[PDB]
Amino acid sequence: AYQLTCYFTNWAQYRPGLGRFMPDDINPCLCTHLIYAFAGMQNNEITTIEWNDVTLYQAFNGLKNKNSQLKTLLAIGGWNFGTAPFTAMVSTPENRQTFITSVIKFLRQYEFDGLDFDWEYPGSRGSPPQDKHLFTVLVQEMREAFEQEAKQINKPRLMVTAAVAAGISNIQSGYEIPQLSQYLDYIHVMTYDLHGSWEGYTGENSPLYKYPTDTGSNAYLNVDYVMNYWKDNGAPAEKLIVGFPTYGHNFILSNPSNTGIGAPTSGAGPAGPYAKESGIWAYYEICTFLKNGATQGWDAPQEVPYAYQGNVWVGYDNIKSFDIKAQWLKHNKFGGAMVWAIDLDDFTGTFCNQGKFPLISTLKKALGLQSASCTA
């Protein structure tokens, strides 16, 4: 009745010490679907991007030896990849055919159950206005190629899903919603990075509701507005998967006296010692900041925590907020949750003392998957 899809990222293997995350570190009972971020593209054909991806594929797909019900997908693209290869590949029926062929081959060789398109985004970041409809032709042709292939080798069809924008403007220039909804098996809405230091004020990574002071287009940046937009504009509730972040965005406060939602900021907060990402802390990095005596806040209107100390402020998600969001999603009848990323939750259990994978476990309990079988 509910999916729990988890993203695994192939650069987490380079994090130091307790931060290193390999496919073997994934509990196979935890998620219903796991997505491998990312593959790339070369001459219109899907391709690996790390030296050891073939080894990681085997260990990632091998997790299906422990849980017969687990499905895995391979994600192509992502933010860093940009749009240029996608624009050239969709531009002709030949380029699309070359790609779709390379994908059926790749997925079957390395034993994935499907592809997740993570083009960020058709029609933006240099992608021309025609990519919006060409992304639809690609997805339809891919779905249809999957269908034919399932019939001429007699196995279950490969799956096609897509990670899709949460920003209204990116949505408008990127997606034929009703038409894409027919062909995609799931729609993973990136309901996070809704605020960050690029705005010049503090704000939440993934608030559920708007802030009472949010006006104009700032009223759109919350999970409620975003999911209802996708649903009202043609996507069936059951195909729509709400994105949950296991990390938060941090900021430098302009004045360490103003620590509220909306306080002015002078830039990204500092990289953490594990993920090393400017402006972002993994959930487990944030638990260190809390044990460092940071003041804990609760944004009550938006139902999400925040925290601060000296001139550093972070808005993020915890067990309380994941659970609230998860009851909310059940009530609104969405199909499930997607989590970026399994390697950013407290996977060793040692940073937060909330057990192993505290964030994702909350979602597992709340979406009633606690009883889901985990057998070969």
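In this text, residue numbers run from 1 along the sequence as written.
For the two regions 224-232 and 91-99, the entry's Cα B-factors average higher over 91-99. The stretch with the higher mean CA B factor, choosing between 250-258 and 168-176, is 250-258. Per the deposited record, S181 carries the highest C-alpha B-factor of all listed residues (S278, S181, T191, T72). Looking only at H133, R157, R125, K239, the residue with the top Cα B factor in the deposited structure is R157. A12 sits in the lowest third of its chain by CA B factor, as recorded in the PDB entry. The PDB entry assigns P305 a C-alpha temperature factor belonging to the middle third of its chain's modelled residues. Remark: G293 belongs to the highest third of its chain, ranked by C-alpha B-factor as recorded. In the PDB entry, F334 places in the highest third of its chain by CA B-factor. In this PDB entry, the Cα temperature factor of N52 sits in the bottom third of its chain's modelled residues, the lowest group.
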